[PDB]
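Dropping protein_25.cif in here (mmCIF, C-alpha atoms):
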```cif
data_target
#
loop_
_atom_site.group_PDB
_atom_site.id
_atom_site.type_symbol
_atom_site.label_atom_id
_atom_site.label_comp_id
_atom_site.auth_asym_id
_atom_site.auth_seq_id
_atom_site.Cartn_x
_atom_site.Cartn_y
_atom_site.Cartn_z
ATOM 1 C CA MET A 1 -240.499 21.969 -144.535
ATOM 2 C CA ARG A 2 -241.720 25.491 -143.777
ATOM 3 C CA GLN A 3 -241.580 27.034 -140.303
ATOM 4 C CA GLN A 4 -237.791 26.732 -140.216
ATOM 5 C CA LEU A 5 -237.297 27.658 -143.872
ATOM 6 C CA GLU A 6 -236.141 31.255 -143.408
ATOM 7 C CA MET A 7 -239.561 32.714 -142.521
ATOM 8 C CA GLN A 8 -239.371 36.481 -142.992
ATOM 9 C CA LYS A 9 -241.871 37.677 -140.388
ATOM 10 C CA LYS A 10 -240.907 37.031 -136.766
ATOM 11 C CA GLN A 11 -237.621 38.810 -137.471
ATOM 12 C CA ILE A 12 -239.680 41.973 -137.825
ATOM 13 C CA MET A 13 -241.619 41.232 -134.650
ATOM 14 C CA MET A 14 -238.326 41.460 -132.789
ATOM 15 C CA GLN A 15 -237.679 44.973 -134.133
ATOM 16 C CA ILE A 16 -241.127 46.652 -134.062
ATOM 17 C CA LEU A 17 -243.787 44.364 -135.546
ATOM 18 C CA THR A 18 -246.950 43.236 -133.774
ATOM 19 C CA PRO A 19 -249.608 40.737 -134.955
ATOM 20 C CA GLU A 20 -251.988 43.683 -134.681
ATOM 21 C CA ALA A 21 -249.848 45.835 -136.978
ATOM 22 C CA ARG A 22 -250.260 43.459 -139.920
ATOM 23 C CA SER A 23 -253.927 42.773 -139.172
ATOM 24 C CA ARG A 24 -254.430 46.500 -138.619
ATOM 25 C CA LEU A 25 -253.295 47.477 -142.107
ATOM 26 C CA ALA A 26 -255.501 44.812 -143.653
ATOM 27 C CA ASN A 27 -258.246 46.018 -141.328
ATOM 28 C CA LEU A 28 -257.858 49.693 -142.214
ATOM 29 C CA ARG A 29 -257.806 48.908 -145.933
ATOM 30 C CA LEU A 30 -261.600 49.085 -145.768
ATOM 31 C CA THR A 31 -261.562 52.352 -143.792
ATOM 32 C CA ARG A 32 -259.178 54.872 -145.370
ATOM 33 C CA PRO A 33 -257.303 54.191 -148.657
ATOM 34 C CA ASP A 34 -254.806 56.920 -147.757
ATOM 35 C CA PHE A 35 -253.336 55.162 -144.736
ATOM 36 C CA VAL A 36 -252.656 51.936 -146.631
ATOM 37 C CA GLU A 37 -251.217 53.587 -149.758
ATOM 38 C CA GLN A 38 -248.568 55.683 -147.996
ATOM 39 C CA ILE A 39 -247.983 53.253 -145.159
ATOM 40 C CA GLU A 40 -247.797 50.409 -147.691
ATOM 41 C CA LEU A 41 -244.855 52.063 -149.430
ATOM 42 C CA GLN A 42 -242.952 52.381 -146.145
ATOM 43 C CA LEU A 43 -244.411 49.127 -144.812
ATOM 44 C CA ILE A 44 -243.651 46.953 -147.840
ATOM 45 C CA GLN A 45 -240.100 48.294 -148.112
ATOM 46 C CA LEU A 46 -239.436 47.951 -144.376
ATOM 47 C CA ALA A 47 -240.783 44.428 -143.834
ATOM 48 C CA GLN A 48 -239.487 42.941 -147.088
ATOM 49 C CA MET A 49 -236.076 44.192 -145.952
ATOM 50 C CA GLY A 50 -233.750 41.859 -144.075
ATOM 51 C CA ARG A 51 -231.276 43.850 -141.993
ATOM 52 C CA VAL A 52 -232.522 46.539 -139.607
ATOM 53 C CA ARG A 53 -235.849 47.619 -141.108
ATOM 54 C CA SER A 54 -239.120 46.278 -139.699
ATOM 55 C CA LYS A 55 -242.744 47.120 -140.517
ATOM 56 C CA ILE A 56 -244.324 49.796 -138.338
ATOM 57 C CA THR A 57 -246.292 48.644 -135.286
ATOM 58 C CA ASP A 58 -250.017 49.254 -134.807
ATOM 59 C CA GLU A 59 -249.015 51.909 -132.283
ATOM 60 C CA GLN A 60 -246.808 53.809 -134.718
ATOM 61 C CA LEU A 61 -249.191 52.964 -137.553
ATOM 62 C CA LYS A 62 -252.007 54.595 -135.613
ATOM 63 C CA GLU A 63 -249.934 57.750 -135.225
ATOM 64 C CA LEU A 64 -249.235 57.283 -138.915
ATOM 65 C CA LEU A 65 -252.995 57.169 -139.456
ATOM 66 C CA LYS A 66 -253.285 60.713 -138.155
ATOM 67 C CA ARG A 67 -250.286 61.477 -140.355
ATOM 68 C CA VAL A 68 -251.746 59.944 -143.499
ATOM 69 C CA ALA A 69 -255.355 60.832 -142.679
ATOM 70 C CA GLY A 70 -256.117 64.409 -143.677
ATOM 71 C CA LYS A 71 -257.889 66.896 -141.421
ATOM 72 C CA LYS A 72 -261.493 66.629 -140.238
#
```
Would it be possible to restate this file's structure as structure tokens?
Amino acid sequence: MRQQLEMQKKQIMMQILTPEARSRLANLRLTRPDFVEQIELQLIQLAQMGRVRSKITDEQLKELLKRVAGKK
């Protein structure tokens, strides 16, 4: 029960997903709403996918932060 049952998560880790990436998004949710909203769209679609699409890593997410985050 569980663990072996499919488990759609580690599969992403093998493509470009880091424990920090997931925790990052949840972490940023309290910082900027912009990052999560846009990233979520691409993030939710990428991770939920099961072929060759994995959620963006904290590294790429960060760069995405500058992307999503307006100017200052």
Residue among A:66, A:58, A:72, A:50 lying closest to residue 23 in chain A, counting all atoms listed in the file: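 Checking each candidate against residue 23 in chain A, we get A:58 as the closest.
Among A:19, A:36, A:42, A:7, the residue with the shortest atom-to-atom distance to residue 54 in chain A, counting only C-alpha atoms, is A:42.
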To one decimal place, how far is CA of residue 10 in chain A from CA of residue 38 in chain A in Å?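 Going from CA of residue 10 in chain A over to CA of residue 38 in chain A covers 23.1 Å.
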Extract, using only C-alpha atoms, all DNA, RNA and protein residues at most 8 Å from residue 53 in chain A, discarding same-chain residues fewer than 3 positions from it, and format them as a PyMOL selection string. chain A and resi 12+15+46-47+49-50
Could you work out how far CA of residue 57 in chain A lies from CA of residue 16 in chain A, giving the answer in Å with one decimal? 5.7 Å
Within 9 Å of residue 34 in chain A, counting all atoms listed in the file, which residues qualify if same-chain residues fewer than 6 places away don't, as a list in words?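 Contacts, with the query itself left out: residues 65, 68, 69 and 70 of chain A.
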Take the residues just selected and output them with C-alpha atoms as a PDB file, in the frame of the given file.
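Generated output (again-v4.pdb):
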```pdb
ATOM      1  CA  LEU A  65    -252.995  57.169-139.456  1.00  0.00           C
ATOM      2  CA  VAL A  68    -251.746  59.944-143.499  1.00  0.00           C
ATOM      3  CA  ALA A  69    -255.355  60.832-142.679  1.00  0.00           C
ATOM      4  CA  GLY A  70    -256.117  64.409-143.677  1.00  0.00           C
TER       5      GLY A  70
END
```
Work out how far apart CA of residue 5 in chain A and CA of residue 39 in chain A are and give it in Å to one decimal.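 Going from CA of residue 5 in chain A over to CA of residue 39 in chain A, I get 27.8 Å.
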Pick out the closest residue to residue 41 in chain A from this set: A:67, A:55, A:62, A:22. Count only C-alpha atoms. A:55
As AutoDock Vina command-line options, what would the box around range 35-50 of chain A look like: edges along x, y and z, 8 Å added on every side, centre and edge lengths in Å to one decimal?
```
--center_x -243.5 --center_y 48.8 --center_z -146.8 --size_x 35.6 --size_y 29.8 --size_z 21.9
```
Of the listed residues A:56, A:43, A:1, A:64, that which approaches residue 18 in chain A most closely, counting all atoms listed in the file: A:56
